[PDB]
Amino acid sequence: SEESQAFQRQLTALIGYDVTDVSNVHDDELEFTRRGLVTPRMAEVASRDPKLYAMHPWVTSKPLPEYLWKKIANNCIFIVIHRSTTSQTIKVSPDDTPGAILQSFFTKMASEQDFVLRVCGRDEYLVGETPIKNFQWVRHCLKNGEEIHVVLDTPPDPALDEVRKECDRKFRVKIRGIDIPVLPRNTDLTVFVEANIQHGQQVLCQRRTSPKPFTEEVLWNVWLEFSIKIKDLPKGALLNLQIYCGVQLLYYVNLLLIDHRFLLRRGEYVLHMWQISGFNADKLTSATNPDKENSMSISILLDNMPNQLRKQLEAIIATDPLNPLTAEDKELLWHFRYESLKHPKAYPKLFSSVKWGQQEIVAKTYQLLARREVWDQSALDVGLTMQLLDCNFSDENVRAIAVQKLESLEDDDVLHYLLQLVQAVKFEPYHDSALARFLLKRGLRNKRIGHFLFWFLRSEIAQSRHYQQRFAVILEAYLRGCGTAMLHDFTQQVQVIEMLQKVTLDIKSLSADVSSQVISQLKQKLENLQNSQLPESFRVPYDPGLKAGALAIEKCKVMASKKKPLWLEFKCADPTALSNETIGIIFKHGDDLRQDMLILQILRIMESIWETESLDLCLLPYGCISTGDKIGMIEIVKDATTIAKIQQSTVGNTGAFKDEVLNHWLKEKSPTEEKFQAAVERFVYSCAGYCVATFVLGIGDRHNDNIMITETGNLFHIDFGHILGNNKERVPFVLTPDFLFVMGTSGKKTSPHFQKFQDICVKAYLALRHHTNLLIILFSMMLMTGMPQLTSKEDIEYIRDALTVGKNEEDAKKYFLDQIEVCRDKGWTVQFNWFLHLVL
Ligand SMILES: Oc1cccc(-c2nc(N3CCOCC3)nc3c2CCN3c2ccc3[nH]cnc3c2)c1
C-alpha cells in the first residue's frame, strides 16, 4: 500500500502533473471527477476482449477506393509470409479473412496450437473477422505501390496488459476588492471590475463597479445586484469577473455559479486570475492561476405553417455555422422549434436561439430534447456533432446529444478526430462530461487511440495552466486502465524524450551557424546518452506500431535552422524488419508544435474527405507530437529536400531559379524514365493537394525553404508555426514557375500534364466544398484552442470566403482557377521578397 503510493508517483511523472496536489482548488470537483470516472474505467476495461485488445487490429469498414482497386489485377493479392530464414508467398482474394488463411498454410499449403500473423518490423497485426482489404496496413502497402510482408508467430499475452487491482431574489455578488503584490504599471490609471453572468459565450447580464484609483490593493465592499433571478440560473452558467482599466482588459477569472452537485455556490472566494498578453478557449476556464505569488486576486462573497416562413426558416437552416442569426431569425427558430426539430442541420442554430437565462424556456428546451427521435435516427454528421461541442454550447443535455452521435463512429474515425475532440474538452463547463468519458472508453477500448490520447492530453498538460488540472484527471483516469504493458511503454517513451529534450536545450545555448566542437560536442552527449541510460528500445510517439532502439550516432546532427533542432536517426529495434534504413526524428525547442499538430491533422481529415470521392492527392502529413513547452518531435520523411536548397545546387546563394532545375534534380534521381513518370505523376498530384489544402486553410503564401519534395516526386509543406499572422504584394498560395516547367509550361502555355493539375485541383476544391460545414467547425475550433493571438472572428471569416460559401459549383471553379493565375501572373515576385525578408 506504500507500494501503491510509490506507483501513484509513477502515474504522476508520466502525466507531468500531480492530481492529488490540492494547492490550486476551492472545491472538490477535480477529486469528485477522479472518483466519478472510476466507473467508466472499470466498465470499458471489463467489456473489452483482451485478445483483440492486445493485438489492436487496425481496421476500417469503408469502401476500398476507386483509386486503389485499379492497383489489383485478377482480384487476387500477394502476402509474403516469413519465418526464421524461411518465406512463402500466397495468392489471396481481397476478402480472405485472417482466418481464411489459418487453413491455407497449416493445412492447405503445408494437437497443433494457435499462432497468428504480424507485419514485419511493426507491432501491427492481422487478426479478427475483417476482410483483408479492411486492414489499414494492407491499404497502405497497396496505395504506396508497396508489397505486404508478415511474420507468422506467437500472439502477445493478454496477461501482459493486465490492469492492476483496486428563491426569487435577484442574484447578488459582493466585490470586496483586488490585490497584486507588485503593480508593474507606472502610469497610474483607474480600474473597475466587471461581473458578467455568462452561458456559452452569451452574456446574460453585466454589472461593473465604479472606477477607482489603481493601487496594489483596491477595496469596494459593494453588492452588485443582477436582474437575473437565481431560479433562472442555468447549470453551467459562469460568473466571469474581469478587470478593466482606463480602456483595456487586463485580468479575468471565472467561477461556475452552479457546482458539480447542482448546488448554488455559497461562500467567500479569493480567486487568482490570469493576465492578458499584449475568442480563445483559455478565456473560459474554471481553473484559477496556480501562481499565487505573482497573480492578481479578486475577493468576492456569495450569500443566498405558411410558405414564406417555412422558406425563411429553411433559408436560415441552410446557412453556414458562422452565419450570425439575427433576433428575427432566433425568434422564428424558437417559435417554430417543433418543425426545426425535424431537421438535424438546424440543431445548432435552434439551440443557439434559446434564452438560456430563463428557467421555463430551458424547461421547454429540455422537453424538446426528449423528442429527438429524428435526431437519434439521422446518420452521423461529424460537422454537426462537432458544432454542438464548441464554445457556443454549454448545456450538458445539448452537449450530450452530440456525444451520442460520436458513439456510432468506428475507431478509424475516432483517430481522425481525436485531436479536436480532446481540444473540445476545453469547452466543457465541468471536469466530468460525456465527452471526457467518451474519450476515456475509446481510449481504453483500443490501444491505438489509447496511445495517442495519452500524448494529446500530455501535450496540453505541459503547456497550459488554464487546463492542466482537468486534462490531468482524465489522463490519470486513462492510465489506471490502459494496463501494465502500455504503462511500461509510456514510461519508456517519457524517458527517452526527457533524456533528449535535455540534450536539445544545452545545444541551443552554445550557438547564435555550426561549430566544429558543437557537432562533436553533440556527438559526445549522444554518445554519453547511449552509453548506459537509454532504453533498449522505445515506441515512436507518432508511429506507435514502430519501435526504435540504437542511435545511429554518426548520422545525427544539429540542423542549420533558425532555432537549433536535432536531426536524429535511430536503428529499428525489430529484427524481423525489412531493412537497415533508420528512423529519423527531428527534435525542436523554439516553436509551438501544437499548431503544427492541429494543421497536420486537419490535413489527414482532408485526405479522407477525398477518399469518399476516390480522389487521392498524395499528401505527406508527417508525424509531429508536441511533448512539452515550445518543444516536441517531428517525423523525417526519408529522401526529401526543400525547394530552397534545390536552388543552391545549380544556382547558389541568391537568385531567381532556373525554371528547369527541379526536373533536372528529378531526372537526376529517377534511375529510369520508366520511374520518372511516377515522379512528375506524384508531384502534380501532391502539388495539387497542398495548393488546395493551403489556400483553404489560409497558409498557402509560404517561403520555399518551408516546402519539400521527395526523390520520388512527392511534394509537401512543413513547419506551420504562427504562419497565420495578419497590403504588400500577396500570392494566394505557392504555385511558382519551377513547379510549372515540371508540368511543361510558360506564362501562356497549357500541357497535357497541366490541364490535369488545372482539372484535379478544381475537383479537389469542390470535394472540400461538399463539407463546407465540417471544415468551418474544425477551423474555427483550431483558432480558439491552438493559435493564441487569433483573437478576432474576422480571422475565422477567412475560411468561408476561401470556401466561397453559398455559391454555385461553377462560379467557385472560376474563383479558384483565377487564384492559380495570380500565382502565374506573379512568378517569383513574392518569393524574391521573402529572400529579401529572410534577410531584411
Ligand atoms: O512541422 C514542422 C515544424 C518544425 C520543423 C519542421 C521541419 N521538418 C522537416 N522535415 C519533416 C519531414 O521530413 C522532412 C524533414 N525539415 C525541416 C523542418 C524545419 C527545418 N527543416 C529543414 C530545413 C532545411 C532543410 N534542408 C534540408 N533539410 C531541411 C530541413 C516541420
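With full-length UniProt numbering applied, the sequence shown corresponds to residues 144 to 253, 266 to 321, 357 to 436, 458 to 489, 497 to 522, 547 to 754, 758 to 971, 979 to 1092, in that order. Heads up, the beta-carbon is just placed ideally off N, CA and C, and yes, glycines get one too.
- Distances between the C-beta of residue 571 and the heavy atoms of ligand 1 are all 8 Å or more.
- The beta carbons of residue 841 and residue 871 sit closer together than 9 Å.
- Residue 817 sits buried, since 16 or more C-beta atoms from the chains shown fall within 10 Å of its C-beta.
- By the C-beta density criterion, residue 580 is exposed, having fewer than 16 other C-beta atoms within 10 angstroms.
- Within the stretch 878-957, the runs of beta strand (DSSP E) that reach at least 3 residues and sit entirely inside it are, in chain order, 885-887 and 952-955.
- Partner residues in the beta bridge of residue 389, as assigned by DSSP, are 392.
- DSSP places residue 1038 in the helix class (H, G or I) of the three-state scheme.
- In the three-state DSSP reduction, residue 723 falls in the helix class (H, G or I).
- Judged by pairs of C-beta atoms under 8 Å, the stretch 673-680 touches the stretch 636-654, as three or more such pairs exist.
- A residue is called buried when at least 16 other Cβ atoms come within 10 angstroms of its Cβ; residue 1060 does not meet this threshold and is exposed.
- Contact check between the stretch 279-298 and the stretch 191-201: three or more CB pairs, one atom from each, fall below 8 Å, which counts as touching.
- Put simply, the backbone Cα of residue 179 is about 23 Å away from that of residue 707.
- Excluding sequence positions up to five before and after residue 1043, its CB lies within less than 8 Å of the CB of 497 and 498, all in the same chain and listed in chain order.
- The beta carbon of residue 786 sits no closer than 8 Å to any heavy atom of ligand 1.
- Under the DSSP assignment, residue 817 falls in the beta strand (DSSP E) whose first and last residues are 811-817.
- Here the C-alpha atom of residue 511 lies approximately 39 Å from the C-alpha atom of residue 686.
- The Cβ neighbour count for residue 374, taken over all protein chains shown within 10 Å, is under 16; the residue is labelled exposed.
- Of all C-beta pairs linking the stretch 987-1002 to the stretch 928-942, three or more are shorter than 8 Å, placing the two stretches in contact.
- Residues 559 and 582 of the same chain have their beta carbon placed closer than 7 Å to that of residue 588, with the five preceding and five following residues left out of the count.
- A heavy atom of ligand 1 is found nearer than 8 Å to the CB of residue 953.
- Beta-bridge partners of residue 304 (DSSP): 223.
- In this model, residue 626 and residue 852 are separated by some 20 Å (Cα to Cα).
- Contact between residue 895 and residue 953 does not hold, since their C-beta atoms are separated by about 18 Å, which reaches or exceeds 8 Å.
- When the five nearest sequence neighbours on each side are left out, the beta carbons in the same chain lying within less than 8 Å of the beta carbon of residue 690 are those of 199, 201, 653, 657 and 789, in order along the chain.
- For residue 645, the three-state secondary structure derived from DSSP is helix.
- The C-alpha of residue 1064 is placed about 10 Å away from the C-alpha of residue 1058.
- In the three-state reduction of the DSSP assignment, residue 369 falls in the strand class, which pools E and B.
- Closest in C-alpha terms to residue 561, from the list 383, 1028 and 1088, comes 1028.
- Sequence-distant partners of residue 183 (beyond 5 residues in either direction) whose C-beta falls short of 7 Å from its own C-beta, in its chain, are 679, 682 and 683.
- Judged by DSSP in its simplified three-state form, residue 270 adopts coil rather than helix or strand.
- In the structure shown, residue 435 adopts extended strand secondary structure according to DSSP, grouped into three states.
- Taking 9 Å as the cut-off, the Cβ atoms of residue 899 and residue 1087 count as close.
- With fewer than 16 other Cβ atoms inside 10 Å of its own Cβ, residue 557 counts as exposed.
- By the criterion of at least three beta-carbon pairs nearer than 8 Å, the stretch 596-603 is in contact with the stretch 420-431.
- Counting only runs that start and end inside the stretch 577-623, the alpha helix (DSSP H) elements of at least 4 residues fall at 579-582, 589-593, 601-611 and 615-619.
- Non-local beta-carbon contacts of residue 718 in its own chain, meaning distances under 8 Å to residues more than five positions away in sequence, involve 154, 158, 162 and 177 in chain order.
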